[PDB]
Amino acid sequence: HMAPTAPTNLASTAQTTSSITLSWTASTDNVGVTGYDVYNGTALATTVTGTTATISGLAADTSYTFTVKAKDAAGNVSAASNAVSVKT
């Protein structure tokens, strides 16, 4: 029992024609966790450390799948959250 839990119940609140804001439930564990990571498709995108996320550089009228991954300051990462299909 070292690595944290994978963020669950992801969602999307504010989303413009370039910048988007993601929200999700924090990990039940926080003994070594520092921040989260947002995946855009199959590669790492933006990075955060709170309960939200900001992704810039997004073309309009396009499909974008995002997710979240909790990390630890010791080399321990959790699983990926649900894929959020947002249309910019």
# chains A, B, ... in the order shown; residues from 1 in each chain; ligands from 1
>>> residues_around(residues="region 66-69 of chain A", least_positions_apart="5", cutoff="12 Å", atoms="only C-alpha atoms", output="ChimeraX atom specification")
/A:3-12,20-27,33-55,76-87
>>> select_by_dssp(residues="chain A", states="strand (DSSP E or B)", output="ChimeraX atom specification")
/A:8-15,20-25,33-40,44-48,52-55,63-72,76-77,84-87
>>> closest_residue(among="A:59, A:70, A:16, A:64", to="residue 29 (chain A)", atoms="only C-alpha atoms")
A:70
>>> closest_residue(among="A:19, A:62, A:56, A:32", to="residue 1 (chain A)", atoms="only C-alpha atoms")
A:32
>>> atom_distance(atom1="CA of residue 60 (chain A)", atom2="CA of residue 18 (chain A)")
7.3 Å
